[PDB]
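Heads up, structure04.cif below (mmCIF, C-alpha atoms and all ligand atoms):
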```
data_run
loop_
_atom_site.label_atom_id
_atom_site.label_comp_id
_atom_site.auth_asym_id
_atom_site.auth_seq_id
_atom_site.Cartn_x
_atom_site.Cartn_y
_atom_site.Cartn_z
CA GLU A 1 0.00 0.00 0.00
CA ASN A 2 1.38 3.37 1.19
CA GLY A 3 0.25 4.69 -2.19
CA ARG A 4 3.52 3.44 -3.75
CA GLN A 5 4.37 1.42 -6.87
CA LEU A 6 7.90 0.21 -6.09
CA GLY A 7 9.80 -0.81 -9.21
CA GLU A 8 7.87 1.69 -11.31
CA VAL A 9 9.43 5.02 -12.19
CA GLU A 10 8.20 7.10 -9.26
CA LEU A 11 8.81 10.78 -8.61
CA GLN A 12 8.30 12.69 -5.40
CA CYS A 13 6.95 16.22 -5.41
CA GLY A 14 9.12 18.77 -3.63
CA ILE A 15 6.13 20.84 -2.58
CA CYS A 16 3.50 18.41 -1.24
CA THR A 17 6.11 15.66 -0.58
CA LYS A 18 3.75 12.99 -1.94
CA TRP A 19 4.66 10.27 -4.39
CA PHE A 20 3.67 9.94 -8.01
CA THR A 21 4.07 7.53 -10.88
CA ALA A 22 5.62 9.41 -13.79
CA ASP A 23 3.66 7.81 -16.59
CA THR A 24 0.37 8.95 -15.04
CA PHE A 25 1.35 12.40 -16.33
CA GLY A 26 2.42 11.09 -19.73
CA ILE A 27 6.02 11.98 -18.87
CA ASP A 28 8.46 10.08 -21.10
CA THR A 29 10.31 7.51 -18.99
CA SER A 30 12.43 5.79 -21.67
CA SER A 31 15.57 7.32 -20.10
CA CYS A 32 14.31 7.21 -16.48
CA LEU A 33 15.02 4.72 -13.71
CA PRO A 34 13.12 3.71 -10.61
CA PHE A 35 14.84 4.94 -7.45
CA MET A 36 16.30 8.20 -8.84
CA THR A 37 17.20 11.05 -6.56
CA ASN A 38 18.74 13.34 -9.20
CA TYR A 39 15.71 15.51 -10.01
CA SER A 40 13.30 18.06 -8.75
CA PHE A 41 9.58 17.46 -9.41
CA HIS A 42 6.36 19.39 -8.86
CA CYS A 43 3.01 17.65 -9.51
CA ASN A 44 0.36 19.52 -11.51
CA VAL A 45 -1.73 20.28 -8.43
CA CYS A 46 1.11 22.02 -6.60
CA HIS A 47 2.79 23.78 -9.55
CA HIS A 48 1.70 27.35 -10.36
CA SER A 49 1.26 26.64 -14.07
CA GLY A 50 -1.08 23.65 -13.60
CA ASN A 51 1.43 21.50 -15.44
CA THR A 52 4.13 19.24 -14.01
CA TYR A 53 7.68 20.46 -13.37
CA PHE A 54 10.38 17.84 -13.95
CA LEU A 55 13.97 19.07 -13.66
CA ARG A 56 16.52 16.40 -14.49
CA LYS A 57 20.00 16.88 -12.94
CA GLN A 58 23.31 15.16 -13.69
CA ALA A 59 23.83 12.34 -11.23
CA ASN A 60 26.84 12.64 -8.95
CA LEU A 61 28.83 9.54 -7.87
CA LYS A 62 26.70 8.91 -4.80
CA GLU A 63 23.44 9.10 -6.81
CA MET A 64 24.74 6.59 -9.35
CA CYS A 65 25.74 4.10 -6.64
CA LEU A 66 22.48 4.56 -4.78
CA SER A 67 20.32 4.12 -7.89
CA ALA A 68 22.39 1.15 -9.00
CA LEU A 69 22.11 -0.55 -5.58
CA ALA A 70 18.39 0.19 -5.19
CA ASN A 71 17.68 -1.24 -8.60
CA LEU A 72 19.88 -4.33 -8.11
CA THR A 73 18.29 -4.96 -4.69
CA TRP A 74 14.78 -4.62 -6.15
CA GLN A 75 15.40 -6.92 -9.11
CA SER A 76 16.89 -9.51 -6.79
CA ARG A 77 14.07 -9.35 -4.23
CA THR A 78 11.41 -9.77 -6.91
CA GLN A 79 13.10 -12.17 -9.32
CA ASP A 80 15.63 -14.31 -7.40
CA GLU A 81 14.79 -17.51 -5.57
CA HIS A 82 17.41 -16.41 -3.02
CA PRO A 83 17.55 -12.58 -2.99
CA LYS A 84 20.88 -10.83 -2.37
CA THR A 85 21.39 -7.59 -0.52
CA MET A 86 25.13 -7.27 -1.16
CA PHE A 87 26.52 -6.69 -4.62
CA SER A 88 29.86 -6.98 -6.38
CA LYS A 89 31.57 -3.71 -7.23
CA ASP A 90 33.00 -5.20 -10.44
CA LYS A 91 30.39 -7.82 -11.39
CA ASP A 92 27.22 -5.90 -10.50
CA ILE A 93 27.50 -2.19 -9.77
CA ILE A 94 29.90 -0.91 -12.43
CA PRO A 95 28.10 -2.90 -15.19
CA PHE A 96 24.78 -1.43 -14.05
CA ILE A 97 26.15 2.11 -14.15
CA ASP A 98 27.59 1.45 -17.62
CA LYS A 99 24.41 -0.08 -18.99
CA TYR A 100 22.12 2.64 -17.63
CA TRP A 101 24.46 5.63 -17.90
CA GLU A 102 22.12 7.68 -20.11
CA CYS A 103 19.24 7.37 -17.63
CA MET A 104 21.44 9.03 -15.05
CA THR A 105 23.44 11.63 -16.98
CA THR A 106 23.83 13.25 -20.40
CA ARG A 107 27.65 13.40 -20.04
CA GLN A 108 29.45 11.79 -22.99
CA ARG A 109 31.83 8.90 -22.36
CA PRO A 110 35.03 9.79 -24.26
CA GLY A 111 38.01 7.55 -23.55
CA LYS A 112 38.42 5.76 -20.24
CA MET A 113 36.62 7.31 -17.29
CA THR A 114 37.80 7.81 -13.73
CA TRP A 115 34.45 7.20 -12.02
CA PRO A 116 35.02 3.43 -11.67
CA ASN A 117 38.10 4.15 -9.55
CA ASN A 118 36.13 6.42 -7.27
CA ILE A 119 32.84 4.77 -6.34
CA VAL A 120 34.41 2.66 -3.59
CA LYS A 121 35.56 5.74 -1.70
CA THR A 122 32.17 7.36 -2.43
CA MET A 123 30.28 4.54 -0.73
CA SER A 124 32.88 3.99 2.01
CA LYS A 125 32.52 7.54 3.27
CA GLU A 126 28.73 7.23 3.64
CA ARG A 127 28.20 4.18 5.83
CA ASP A 128 24.95 5.69 7.03
CA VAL A 129 23.74 4.96 3.48
CA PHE A 130 25.99 2.18 2.24
CA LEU A 131 27.06 -1.15 3.69
CA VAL A 132 30.64 -1.99 2.78
CA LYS A 133 32.27 -5.42 2.76
CA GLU A 134 35.91 -5.51 1.69
CA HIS A 135 36.19 -9.31 2.08
CA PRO A 136 33.93 -12.29 2.68
CA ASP A 137 32.90 -12.95 6.28
CA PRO A 138 35.12 -15.31 8.29
CA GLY A 139 33.55 -18.72 7.61
CA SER A 140 31.87 -17.59 4.41
CA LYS A 141 32.15 -19.77 1.30
CA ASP A 142 31.80 -16.60 -0.78
CA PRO A 143 34.38 -16.43 -3.54
CA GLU A 144 36.96 -13.76 -2.68
CA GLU A 145 37.07 -12.60 -6.31
CA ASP A 146 33.64 -10.90 -6.14
CA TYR A 147 34.78 -8.56 -3.37
CA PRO A 148 34.54 -5.88 -2.38
CA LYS A 149 30.75 -5.86 -2.01
CA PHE A 150 28.24 -3.13 -1.28
CA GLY A 151 24.61 -2.80 -0.25
CA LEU A 152 22.08 -0.36 1.12
CA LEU A 153 21.95 0.09 4.88
CA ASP A 154 18.23 0.90 4.65
CA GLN A 155 16.28 -1.86 2.90
CA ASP A 156 13.09 0.23 2.88
CA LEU A 157 13.43 1.32 -0.76
CA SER A 158 10.37 3.53 -0.32
CA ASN A 159 12.69 5.85 1.64
CA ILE A 160 14.81 6.73 -1.42
CA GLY A 161 14.11 10.20 -2.83
CA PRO A 162 15.50 13.63 -3.73
CA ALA A 163 17.15 15.71 -1.03
CA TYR A 164 14.40 18.32 -0.65
CA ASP A 165 14.14 20.34 2.57
ZN ZN J 201 2.67 18.25 -5.16
#
```
structure tokens encoding of this file:
Amino acid sequence: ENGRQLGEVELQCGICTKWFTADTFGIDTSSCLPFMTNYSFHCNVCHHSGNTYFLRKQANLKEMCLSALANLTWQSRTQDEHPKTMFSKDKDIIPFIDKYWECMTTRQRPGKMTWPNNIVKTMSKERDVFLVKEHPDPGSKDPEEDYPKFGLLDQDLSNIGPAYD
């Protein structure tokens, strides 16, 4: 319930703070992702013009990790027999960011980028958002090669949204 459609492209309005499904306004979502925080949105009831306001911003490193992890978590929860909450930096997160780049940013990708080298320190400095695992747990049969691994501290995905005030 909660008036939420998790896994859909949802947008939160910065004025009334309520949640909306983008396509109910006919907003084009071909380059949108569920669990974005890099936008500002006003619904048509709140906005002075009586139309929607949808400002798309360029995702910073933290937003890319967060959206990647939210999406990976969601897919796993709803599609995996045995859902994972911890994901491989190299096998999961980077490939997600690569695949869905254009839904997060309009920056071109000339030559080799530096962002891959920097997401680990991005997540590691925000352990109130991100769970970090450099190595498998003592006793774990987890292959060392998939580490380090990352996850969301908060598993309530409904909590993800833009940093309004
Ligand atoms: Zn509103």
Margin query: Report as a PyMOL selection string all protein, DNA and RNA residues lying within 10 Å of residue 144 in chain A, evaluated on only C-alpha atoms, omitting residues in the same chain fewer than 6 positions from it.
Written below: chain A and resi 134-137
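The space between CA of residue 155 in chain A and CA of residue 125 in chain A spans 18.8 Å.
Nearest to residue 159 in chain A of all the residues A:4, A:48, A:109, A:62 is A:4, based on only C-alpha atoms.
Using only C-alpha atoms and all ligand atoms as the basis for the distance check, residues found within 6 Å of ligand ZN 201 (chain J) are residues 13, 15, 16, 42, 43, 45 and 46 of chain A.
Nearest to residue 71 in chain A of all the residues A:3, A:162, A:151, A:139 is A:151, counting only C-alpha atoms.
The space separating CA of residue 77 in chain A from CA of residue 121 in chain A comes to 26.4 Å.
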Checklist line | Nearest candidate to residue 36 in chain A (options A:23, A:157, A:90, A:122; using only C-alpha atoms) | finding: A:157
Margin query: I want to know what sits within 10 Å of residue 97 in chain A, based on only C-alpha atoms, with residues of the same chain fewer than 6 positions away left out; could you give that as an NGL selection string?
Written below: :A and (64-65 or 67-69 or 103-104 or 115-116)
Check: For residue 20 in chain A, which residue out of A:113, A:163, A:123, A:6 is the nearest one, using all atoms listed in the file?
Finding: A:6
